[PDB]
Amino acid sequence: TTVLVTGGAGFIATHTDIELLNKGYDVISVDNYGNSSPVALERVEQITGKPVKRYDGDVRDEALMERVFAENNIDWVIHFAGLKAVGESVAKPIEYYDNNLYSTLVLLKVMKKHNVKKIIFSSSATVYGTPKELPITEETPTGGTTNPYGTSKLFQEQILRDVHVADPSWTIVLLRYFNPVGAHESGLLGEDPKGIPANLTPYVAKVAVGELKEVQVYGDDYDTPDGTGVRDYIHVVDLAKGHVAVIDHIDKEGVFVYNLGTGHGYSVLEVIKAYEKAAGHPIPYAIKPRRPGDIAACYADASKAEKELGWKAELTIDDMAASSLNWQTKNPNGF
């Protein structure tokens, strides 16, 4: 079984690539390295002793995607390629919509043309907006999105649902990830965005090891116990394993929806404290204004994925922080 992994050099993709290769799948990557390094795929190969067939370029490049499908016999696609910062999306809506919607559309066109009709889409807790109830289930209504990123994910979900209406031989798996953190136990791979990290934990990891000065806490006036945002952090290895469980268990047509989270919510301040415990020293932080697009609190009821896929994310916030720092200590400037 061959899996095409778009954005295949990114944070969640590289961890997924490991888990797929360890389970004897063959893996192909396409990535434009806008938020990642080609060295990450070298590390996947190092960890697994298995090849990743690498293509360099943009998922919106129809000629490139045509080559990918013409040169390979692909069974499944996992579509990670996307821009993913809630705050940046509010400021750069067209960059987000172009990248995120048009990558999906070009990919679907090529997949249809080659009759490859099994996709896992990297969707997001952001599709629930300000959650109608907590914890969030797959029955919690979507919509009320607060930022173009989240809107783009909900749009993409609908586009995919409409592909299945028009051709019900498709298998569409909408995985709504919550907030992955951490690194493969080896410390040879981890989260390495380009520029200043937009996500909380890679920023915190850099402050812990002295590569950035001060954690910027975006808002302390949310309707949460300590005022800072609450999220369901999931170890990136657990999330990666979730993808293998889908491909292991779903071999029929249909639209399938799963929340992938732990069910444990942690505030920003609690995350910093988990890193302080892992580092053995204070990590400087400052209270800053709210970031546009952020909501107060979201976390998952992932019962459905446990029942249907046999999968649960049990690595802890301490496992996340420790594995993160292990990577960052060994690789303080990343790749």
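Heads up: residue numbers just count along the shown sequence, starting at 1.
The stretch 186-194 shows the higher mean C-alpha B-factor when 186-194 is compared against 155-163 in the entry. Of the two stretches examined, 7-15 and 308-316, the record assigns the greater average C-alpha temperature factor to 308-316. Across the options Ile283, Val59, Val44, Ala70, the residue with the most elevated CA B-factor in the record is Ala70. Taking the deposited Cα B-factors for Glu211, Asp232, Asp98, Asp238, the highest one is held by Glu211. The entry lists a Cα temperature factor for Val246 that places it in the middle third of the chain's modelled residues. Ranked within its chain, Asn179 lands in the lowest third, by CA B factor from the PDB record. In the deposited entry, the Cα temperature factor of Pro148 sits in the bottom third of values across the chain's modelled residues.
Ranked against the other modelled residues of its chain, the C-alpha B-factor of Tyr222 as given in the entry falls in the highest third. When all modelled residues of the chain are sorted by CA temperature factor, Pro93 is found within the lowest third.
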